[PDB]
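**Q** My structure is in protein.csv, and what it holds is CSV, C-alpha atoms:
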```
chain,number,residue,atom,x,y,z
A,1,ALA,CA,-17.8,32.8,-56.6
A,2,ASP,CA,-19.6,29.4,-56.7
A,3,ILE,CA,-21.9,27.4,-59.0
A,4,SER,CA,-25.5,27.8,-57.8
A,5,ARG,CA,-28.5,25.5,-58.8
A,6,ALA,CA,-29.7,28.3,-61.0
A,7,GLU,CA,-26.2,28.3,-62.8
A,8,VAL,CA,-26.4,24.8,-64.3
A,9,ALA,CA,-29.8,25.6,-66.0
A,10,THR,CA,-31.4,22.7,-67.9
A,11,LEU,CA,-28.5,20.4,-67.0
A,12,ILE,CA,-31.1,19.7,-64.3
A,13,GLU,CA,-34.2,18.1,-65.7
A,14,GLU,CA,-37.7,18.1,-64.2
A,15,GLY,CA,-39.3,14.6,-64.2
A,16,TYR,CA,-42.9,13.4,-65.1
A,17,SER,CA,-45.0,10.7,-63.5
A,18,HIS,CA,-48.5,9.4,-64.4
A,19,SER,CA,-48.9,7.6,-61.0
A,20,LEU,CA,-51.4,10.3,-59.9
A,21,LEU,CA,-53.2,10.4,-63.3
A,22,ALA,CA,-56.1,7.9,-63.0
A,23,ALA,CA,-59.8,8.1,-62.2
A,24,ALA,CA,-62.2,5.2,-61.7
A,25,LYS,CA,-65.2,5.5,-64.0
A,26,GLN,CA,-68.7,5.2,-62.5
A,27,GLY,CA,-71.6,3.8,-64.5
A,28,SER,CA,-75.3,4.7,-64.4
A,29,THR,CA,-77.1,3.5,-61.3
A,30,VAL,CA,-80.4,3.0,-63.0
A,31,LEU,CA,-78.9,0.9,-65.9
A,32,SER,CA,-77.4,-1.4,-63.2
A,33,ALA,CA,-80.4,-1.4,-60.9
A,34,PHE,CA,-83.4,-2.0,-63.3
A,35,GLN,CA,-84.1,-4.1,-66.4
A,36,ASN,CA,-82.6,-2.7,-69.7
A,37,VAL,CA,-85.1,-3.2,-72.6
A,38,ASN,CA,-83.7,-3.2,-76.1
A,39,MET,CA,-85.8,-0.7,-78.2
A,40,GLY,CA,-85.9,-0.9,-82.0
A,41,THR,CA,-87.8,2.4,-82.6
A,42,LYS,CA,-88.7,5.7,-80.7
A,43,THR,CA,-91.8,4.4,-79.0
A,44,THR,CA,-93.0,1.1,-77.3
A,45,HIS,CA,-96.5,0.5,-75.9
A,46,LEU,CA,-96.9,-1.6,-72.8
A,47,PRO,CA,-100.5,-2.6,-71.7
A,48,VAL,CA,-101.1,-2.8,-67.9
A,49,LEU,CA,-104.1,-3.9,-65.8
A,50,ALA,CA,-106.1,-0.8,-64.6
A,51,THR,CA,-109.4,-1.8,-62.9
B,1,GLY,CA,-76.1,-4.6,-41.4
B,2,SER,CA,-79.7,-3.4,-41.5
B,3,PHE,CA,-80.8,-3.4,-45.2
B,4,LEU,CA,-81.2,-7.2,-45.5
B,5,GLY,CA,-83.7,-8.5,-48.2
B,6,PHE,CA,-83.1,-5.4,-50.3
B,7,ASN,CA,-80.8,-5.4,-53.3
B,8,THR,CA,-78.8,-2.2,-52.5
B,9,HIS,CA,-77.4,0.2,-55.2
B,10,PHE,CA,-75.2,3.2,-54.4
B,11,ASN,CA,-74.9,6.2,-56.7
B,12,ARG,CA,-71.1,7.0,-57.2
B,13,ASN,CA,-71.3,9.2,-60.4
B,14,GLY,CA,-72.5,12.4,-58.5
B,15,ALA,CA,-76.1,12.2,-59.7
B,16,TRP,CA,-77.5,11.9,-56.1
B,17,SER,CA,-79.6,14.9,-54.9
B,18,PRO,CA,-79.2,14.7,-51.0
B,19,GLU,CA,-81.6,17.6,-50.5
B,20,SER,CA,-84.4,15.5,-52.2
B,21,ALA,CA,-83.9,12.0,-50.9
B,22,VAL,CA,-82.1,9.7,-48.5
B,23,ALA,CA,-83.2,6.5,-50.4
B,24,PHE,CA,-85.7,5.1,-52.9
B,25,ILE,CA,-87.3,1.7,-52.1
B,26,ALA,CA,-88.8,0.1,-55.2
B,27,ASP,CA,-90.2,-3.1,-56.7
B,28,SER,CA,-87.6,-3.5,-59.5
B,29,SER,CA,-89.9,-5.7,-61.6
B,30,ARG,CA,-91.9,-2.5,-62.3
B,31,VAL,CA,-89.2,-0.1,-63.6
B,32,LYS,CA,-87.7,-0.5,-67.1
B,33,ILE,CA,-85.0,1.5,-68.8
B,34,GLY,CA,-85.4,1.4,-72.6
B,35,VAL,CA,-82.0,1.5,-74.4
B,36,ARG,CA,-82.6,2.6,-78.0
B,37,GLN,CA,-78.9,3.4,-78.7
B,38,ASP,CA,-75.9,2.9,-76.4
B,39,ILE,CA,-73.2,5.6,-76.1
B,40,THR,CA,-71.8,6.1,-79.7
B,41,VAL,CA,-68.8,8.3,-80.7
B,42,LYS,CA,-68.3,10.4,-83.9
B,43,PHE,CA,-65.0,12.1,-84.7
B,44,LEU,CA,-65.7,15.6,-86.1
B,45,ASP,CA,-63.0,17.5,-88.1
B,46,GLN,CA,-64.8,19.8,-90.6
B,47,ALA,CA,-68.0,20.7,-88.6
B,48,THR,CA,-69.2,24.1,-87.3
B,49,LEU,CA,-70.1,24.3,-83.6
B,50,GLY,CA,-72.3,27.2,-82.4
B,51,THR,CA,-73.5,30.3,-84.3
B,52,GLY,CA,-72.7,34.0,-84.2
C,1,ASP,CA,-16.8,35.2,-33.1
C,2,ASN,CA,-18.9,32.0,-33.3
C,3,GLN,CA,-16.3,30.0,-35.4
C,4,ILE,CA,-15.3,26.5,-34.4
C,5,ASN,CA,-12.3,25.1,-36.3
C,6,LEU,CA,-12.7,21.3,-35.6
C,7,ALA,CA,-9.1,20.1,-36.1
C,8,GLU,CA,-7.6,23.1,-34.2
C,9,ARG,CA,-9.9,22.5,-31.2
C,10,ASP,CA,-9.4,18.7,-31.3
C,11,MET,CA,-13.1,18.1,-32.0
C,12,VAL,CA,-15.1,16.0,-34.5
C,13,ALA,CA,-18.7,16.1,-35.7
C,14,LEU,CA,-21.4,14.0,-37.4
C,15,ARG,CA,-23.3,15.7,-40.2
C,16,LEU,CA,-26.6,13.9,-40.8
C,17,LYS,CA,-28.8,14.8,-43.9
C,18,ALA,CA,-31.8,13.6,-45.9
C,19,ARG,CA,-33.9,15.0,-48.8
C,20,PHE,CA,-37.7,14.6,-48.9
C,21,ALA,CA,-40.7,15.7,-51.0
C,22,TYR,CA,-44.4,15.5,-50.3
C,23,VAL,CA,-47.4,15.6,-52.6
C,24,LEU,CA,-51.2,15.4,-51.9
C,25,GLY,CA,-53.3,14.3,-54.9
C,26,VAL,CA,-56.2,16.9,-54.6
C,27,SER,CA,-58.0,16.1,-57.8
C,28,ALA,CA,-61.3,15.6,-59.6
C,29,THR,CA,-63.2,12.3,-59.0
C,30,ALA,CA,-66.4,10.9,-60.5
C,31,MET,CA,-68.1,13.1,-57.8
C,32,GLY,CA,-66.8,16.5,-59.1
C,33,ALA,CA,-63.9,18.9,-59.6
C,34,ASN,CA,-61.8,19.6,-56.5
C,35,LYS,CA,-61.9,16.7,-54.0
C,36,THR,CA,-59.6,16.3,-51.0
C,37,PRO,CA,-58.4,12.8,-50.0
C,38,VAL,CA,-57.9,13.5,-46.3
C,39,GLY,CA,-60.1,14.7,-43.3
C,40,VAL,CA,-59.4,15.5,-39.6
C,41,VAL,CA,-61.0,14.9,-36.3
C,42,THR,CA,-60.2,18.1,-34.3
C,43,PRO,CA,-60.1,18.2,-30.4
C,44,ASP,CA,-63.0,19.1,-28.1
C,45,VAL,CA,-62.5,22.8,-27.2
C,46,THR,CA,-66.0,23.2,-25.8
C,47,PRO,CA,-66.6,23.0,-22.0
C,48,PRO,CA,-69.8,21.1,-20.9
D,1,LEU,CA,-65.6,16.8,-65.6
D,2,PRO,CA,-67.6,17.5,-68.8
D,3,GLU,CA,-71.4,18.0,-68.7
D,4,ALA,CA,-73.8,16.2,-71.1
D,5,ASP,CA,-77.4,17.3,-71.9
D,6,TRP,CA,-80.8,16.3,-73.2
D,7,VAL,CA,-80.8,17.5,-76.8
D,8,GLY,CA,-84.3,16.7,-78.2
D,9,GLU,CA,-84.9,17.0,-81.9
D,10,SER,CA,-85.2,20.1,-84.1
D,11,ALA,CA,-83.7,21.9,-87.2
D,12,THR,CA,-84.7,25.4,-86.0
D,13,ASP,CA,-85.3,25.4,-82.2
D,14,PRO,CA,-82.6,26.6,-79.7
D,15,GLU,CA,-83.0,23.1,-78.5
D,16,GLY,CA,-82.0,20.2,-80.7
D,17,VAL,CA,-78.4,21.7,-80.6
D,18,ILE,CA,-75.9,19.5,-78.8
D,19,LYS,CA,-74.0,21.7,-76.3
D,20,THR,CA,-70.2,21.9,-76.1
D,21,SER,CA,-68.2,21.0,-73.0
D,22,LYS,CA,-64.5,20.8,-71.9
D,23,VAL,CA,-62.4,18.3,-69.9
D,24,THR,CA,-59.4,19.7,-67.9
D,25,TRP,CA,-56.3,18.6,-66.0
D,26,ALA,CA,-54.0,20.3,-63.4
D,27,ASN,CA,-50.4,19.7,-62.2
D,28,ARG,CA,-49.1,18.6,-58.8
D,29,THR,CA,-45.4,18.6,-57.9
D,30,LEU,CA,-42.9,16.7,-55.7
D,31,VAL,CA,-40.1,19.1,-54.8
D,32,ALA,CA,-37.2,17.7,-52.8
D,33,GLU,CA,-36.0,19.7,-49.7
D,34,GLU,CA,-33.0,19.0,-47.5
D,35,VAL,CA,-33.2,18.4,-43.7
D,36,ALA,CA,-29.9,18.1,-41.7
D,37,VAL,CA,-28.1,18.5,-38.4
D,38,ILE,CA,-24.4,18.8,-37.3
D,39,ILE,CA,-23.5,17.5,-33.8
D,40,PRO,CA,-19.8,18.3,-32.7
D,41,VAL,CA,-17.9,16.7,-29.7
D,42,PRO,CA,-14.3,16.7,-28.4
D,43,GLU,CA,-12.2,13.7,-29.3
D,44,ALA,CA,-11.1,13.5,-25.6
D,45,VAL,CA,-14.8,13.1,-24.6
D,46,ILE,CA,-15.2,10.3,-27.2
D,47,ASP,CA,-12.0,8.6,-26.0
D,48,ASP,CA,-12.9,8.8,-22.2
D,49,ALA,CA,-16.6,7.7,-22.6
D,50,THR,CA,-17.5,4.1,-21.7
D,51,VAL,CA,-19.9,3.6,-24.7
D,52,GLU,CA,-19.7,4.3,-28.5
E,1,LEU,CA,-15.7,30.3,-68.2
E,2,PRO,CA,-13.7,30.2,-64.9
E,3,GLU,CA,-10.5,32.3,-64.2
E,4,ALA,CA,-7.2,30.8,-62.9
E,5,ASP,CA,-4.5,33.1,-61.4
E,6,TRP,CA,-0.9,33.1,-60.3
E,7,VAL,CA,-0.8,31.8,-56.8
E,8,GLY,CA,2.3,33.2,-55.1
E,9,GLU,CA,3.6,31.5,-51.9
E,10,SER,CA,2.7,32.9,-48.4
E,11,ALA,CA,0.9,31.9,-45.3
E,12,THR,CA,-0.1,35.5,-44.6
E,13,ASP,CA,-0.5,37.7,-47.7
E,14,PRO,CA,-3.7,38.3,-49.7
E,15,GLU,CA,-1.9,36.5,-52.4
E,16,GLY,CA,-0.9,32.9,-51.8
E,17,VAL,CA,-4.7,32.4,-51.5
E,18,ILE,CA,-6.0,30.4,-54.5
E,19,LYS,CA,-9.0,32.3,-55.7
E,20,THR,CA,-12.5,30.7,-56.2
E,21,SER,CA,-14.2,31.0,-59.6
E,22,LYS,CA,-17.5,29.7,-61.1
E,23,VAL,CA,-18.6,28.0,-64.3
E,24,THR,CA,-22.1,28.7,-65.6
E,25,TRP,CA,-24.6,27.4,-68.2
E,26,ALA,CA,-27.7,28.9,-69.9
E,27,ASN,CA,-30.9,27.5,-71.6
E,28,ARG,CA,-31.9,27.9,-75.3
E,29,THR,CA,-35.3,26.7,-76.5
E,30,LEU,CA,-36.9,25.3,-79.7
E,31,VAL,CA,-40.6,26.3,-79.5
E,32,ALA,CA,-42.8,25.0,-82.4
E,33,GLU,CA,-45.1,27.6,-84.0
E,34,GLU,CA,-47.7,27.0,-86.7
E,35,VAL,CA,-47.8,28.6,-90.2
E,36,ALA,CA,-50.8,27.9,-92.5
E,37,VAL,CA,-53.2,29.0,-95.3
E,38,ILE,CA,-56.6,27.9,-96.7
E,39,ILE,CA,-57.2,28.3,-100.4
E,40,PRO,CA,-60.9,27.8,-101.5
E,41,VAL,CA,-62.2,27.2,-105.1
E,42,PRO,CA,-65.5,26.0,-106.8
E,43,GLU,CA,-65.8,22.3,-107.8
E,44,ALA,CA,-67.0,23.3,-111.3
E,45,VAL,CA,-63.8,25.4,-111.9
E,46,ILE,CA,-61.7,22.4,-110.9
E,47,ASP,CA,-63.7,20.3,-113.4
E,48,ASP,CA,-63.6,22.8,-116.3
E,49,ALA,CA,-59.9,23.8,-115.9
E,50,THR,CA,-57.4,22.2,-118.3
E,51,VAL,CA,-54.8,21.6,-115.6
E,52,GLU,CA,-54.7,20.0,-112.1
```
Using structure tokens, write down the structure from this file.

**A**
Amino acid sequence: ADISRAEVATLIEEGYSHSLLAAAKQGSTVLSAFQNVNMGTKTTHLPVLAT
Amino acid sequence: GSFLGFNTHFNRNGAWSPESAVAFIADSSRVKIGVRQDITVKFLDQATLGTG
Amino acid sequence: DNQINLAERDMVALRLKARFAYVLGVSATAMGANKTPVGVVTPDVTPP
Amino acid sequence: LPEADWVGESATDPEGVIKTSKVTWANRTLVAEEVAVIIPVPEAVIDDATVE
Amino acid sequence: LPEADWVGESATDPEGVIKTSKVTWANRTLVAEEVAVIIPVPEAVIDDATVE
């Protein structure tokens, strides 16, 4: 005897919002903390004082 | 604020192992990170991933 | 038996209404998969 | 979140294969609900009262 | 569809009451589904064949 919410079907539309869809991206700690050395090949040799 | 004189860095990417350490104190002149290739991206569309 | 007819009883009323929704963004973060954005301090239930 | 890994370098080892990983999302909803009250009173009580 | 009716005229009969009636709607869906084929052939057969 009445029109329910289930009786209008998809004349009622569900909405979408991206306001909750975001995450801050966090970099490497060690790439920010220490010196970054540009390597041109697989291996580099570094001499150090030892005695 | 107690940690004066240090440069402080906080891990925010979930890499920290709290069962292993509270902090590292270092001479930063003595640690190097070699960067041979930065993060590079390839788009794959024909490839096979895995076996069996 | 509980019926009040307003005009027949010489009464009036106010109807007040509102519509509300609530969402909590429990989500992944850079720290991992299922991270809750709220915590609580609960009361002291322990006698000294 | 996805996982990366240290691949190494071989044509034949179980290492040297880059592992696969997923990324995923979930849904959260706002759903509106009604809250209400009805407060009845006699018109004579309204007319007699010294305030609105 | 709703149904109207003949009202009649009374303060006290079951008729003379105007009947209530509903209207309703339903939902129909387009859902996209994929149809496909792969057709493999040798490169030398493409090169030796007299047609495209």

**Q** Tell me, as a ChimeraX atom specification, which residues lie within 6 Å of region 17-33 of chain E, counting all atoms listed in the file; anything in the same chain fewer than 6 positions away does not count.

**A** /A:1-3,7-9 /E:1-2,7

**Q** Which residues of chain A are close to chain B, meaning at most 7 Å apart when you count all atoms listed in the file, and how do they look as a ChimeraX atom specification?

**A** /A:26-27,29,31,33-41

**Q** With all atoms listed in the file counted and 7 Å as the cut-off, give the residues of chain A in contact with chain C, each with its shortest interatomic distance in Å and the pair that gives it, as CSV.

**A**
```
residue,atom,partner,partner_atom,distance
A:20,CA,C:25,CA,6.7
A:23,CA,C:29,CA,6.3
A:25,CA,C:30,CA,6.5
A:26,CA,C:30,CA,6.5
```

**Q** So how far away is CA of residue 11 (chain D) from CA of residue 49 (chain B), in Å?

**A**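 Atom-to-atom, CA of residue 49 (chain B) to CA of residue 11 (chain D), that is 14.3 Å.
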
**Q** Please identify all residues of chain A having at least one atom at most 10 Å from any atom of chain D, considering all atoms listed in the file, and return them as number ranges by chain.

**A** A: 14-17, 20-21

**Q** Mind checking which residues fall within 10 Å of residue 44 (chain D), counting only C-alpha atoms, ignoring those fewer than 3 positions away in the same chain, and posting them as a list in words?

**A**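 In the requested format, the answer is residues 10 and 11 of chain C; 41, 47, 48 and 49 of chain D.
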
**Q** Can I get N, CA and C atoms for region 22-42 of chain E, as a PDB file, in the first residue's frame?

**A**
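This is the output file out.pdb:
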```
ATOM      1  N   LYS E  22       0.217   1.778  -4.594  1.00  0.00           N
ATOM      2  CA  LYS E  22       1.643   2.020  -4.851  1.00  0.00           C
ATOM      3  C   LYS E  22       1.968   2.130  -6.342  1.00  0.00           C
ATOM      4  N   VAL E  23       3.119   2.713  -6.646  1.00  0.00           N
ATOM      5  CA  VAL E  23       3.829   2.596  -7.927  1.00  0.00           C
ATOM      6  C   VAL E  23       5.170   1.941  -7.629  1.00  0.00           C
ATOM      7  N   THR E  24       5.696   1.083  -8.495  1.00  0.00           N
ATOM      8  CA  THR E  24       7.035   0.520  -8.271  1.00  0.00           C
ATOM      9  C   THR E  24       7.884   0.518  -9.523  1.00  0.00           C
ATOM     10  N   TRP E  25       9.191   0.465  -9.308  1.00  0.00           N
ATOM     11  CA  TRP E  25      10.244   0.389 -10.300  1.00  0.00           C
ATOM     12  C   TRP E  25      11.138  -0.814 -10.028  1.00  0.00           C
ATOM     13  N   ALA E  26      11.867  -1.238 -11.047  1.00  0.00           N
ATOM     14  CA  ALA E  26      12.834  -2.320 -11.016  1.00  0.00           C
ATOM     15  C   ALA E  26      14.120  -1.876 -11.710  1.00  0.00           C
ATOM     16  N   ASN E  27      15.183  -2.646 -11.558  1.00  0.00           N
ATOM     17  CA  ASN E  27      16.498  -2.371 -12.115  1.00  0.00           C
ATOM     18  C   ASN E  27      16.868  -3.417 -13.175  1.00  0.00           C
ATOM     19  N   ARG E  28      17.367  -2.973 -14.327  1.00  0.00           N
ATOM     20  CA  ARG E  28      17.945  -3.811 -15.390  1.00  0.00           C
ATOM     21  C   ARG E  28      19.412  -3.444 -15.549  1.00  0.00           C
ATOM     22  N   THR E  29      20.289  -4.390 -15.866  1.00  0.00           N
ATOM     23  CA  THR E  29      21.739  -4.129 -15.933  1.00  0.00           C
ATOM     24  C   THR E  29      22.370  -4.536 -17.252  1.00  0.00           C
ATOM     25  N   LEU E  30      23.177  -3.642 -17.819  1.00  0.00           N
ATOM     26  CA  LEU E  30      24.195  -3.988 -18.805  1.00  0.00           C
ATOM     27  C   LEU E  30      25.457  -4.408 -18.056  1.00  0.00           C
ATOM     28  N   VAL E  31      25.915  -5.652 -18.193  1.00  0.00           N
ATOM     29  CA  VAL E  31      27.214  -6.118 -17.671  1.00  0.00           C
ATOM     30  C   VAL E  31      28.112  -6.550 -18.822  1.00  0.00           C
ATOM     31  N   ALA E  32      29.262  -5.906 -19.002  1.00  0.00           N
ATOM     32  CA  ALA E  32      30.176  -6.192 -20.097  1.00  0.00           C
ATOM     33  C   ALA E  32      31.009  -7.449 -19.840  1.00  0.00           C
ATOM     34  N   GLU E  33      30.970  -8.386 -20.775  1.00  0.00           N
ATOM     35  CA  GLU E  33      31.668  -9.666 -20.757  1.00  0.00           C
ATOM     36  C   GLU E  33      32.565  -9.790 -21.976  1.00  0.00           C
ATOM     37  N   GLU E  34      33.668 -10.515 -21.846  1.00  0.00           N
ATOM     38  CA  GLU E  34      34.714 -10.532 -22.860  1.00  0.00           C
ATOM     39  C   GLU E  34      34.681 -11.804 -23.701  1.00  0.00           C
ATOM     40  N   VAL E  35      34.751 -11.627 -25.014  1.00  0.00           N
ATOM     41  CA  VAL E  35      34.849 -12.689 -26.015  1.00  0.00           C
ATOM     42  C   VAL E  35      36.146 -12.514 -26.796  1.00  0.00           C
ATOM     43  N   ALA E  36      36.904 -13.587 -26.995  1.00  0.00           N
ATOM     44  CA  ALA E  36      38.244 -13.500 -27.564  1.00  0.00           C
ATOM     45  C   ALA E  36      38.709 -14.784 -28.253  1.00  0.00           C
ATOM     46  N   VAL E  37      39.755 -14.677 -29.068  1.00  0.00           N
ATOM     47  CA  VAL E  37      40.488 -15.809 -29.653  1.00  0.00           C
ATOM     48  C   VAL E  37      41.949 -15.441 -29.881  1.00  0.00           C
ATOM     49  N   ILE E  38      42.864 -16.404 -29.804  1.00  0.00           N
ATOM     50  CA  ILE E  38      44.246 -16.250 -30.275  1.00  0.00           C
ATOM     51  C   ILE E  38      44.494 -17.192 -31.449  1.00  0.00           C
ATOM     52  N   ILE E  39      45.059 -16.699 -32.546  1.00  0.00           N
ATOM     53  CA  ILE E  39      45.353 -17.513 -33.734  1.00  0.00           C
ATOM     54  C   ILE E  39      46.859 -17.454 -34.045  1.00  0.00           C
ATOM     55  N   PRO E  40      47.656 -18.476 -33.677  1.00  0.00           N
ATOM     56  CA  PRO E  40      49.097 -18.542 -33.933  1.00  0.00           C
ATOM     57  C   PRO E  40      49.462 -19.108 -35.316  1.00  0.00           C
ATOM     58  N   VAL E  41      50.560 -18.640 -35.913  1.00  0.00           N
ATOM     59  CA  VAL E  41      51.091 -19.078 -37.220  1.00  0.00           C
ATOM     60  C   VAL E  41      52.618 -18.861 -37.314  1.00  0.00           C
ATOM     61  N   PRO E  42      53.395 -19.665 -38.063  1.00  0.00           N
ATOM     62  CA  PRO E  42      54.822 -19.418 -38.281  1.00  0.00           C
ATOM     63  C   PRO E  42      55.126 -18.180 -39.122  1.00  0.00           C
TER      64      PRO E  42
END
```
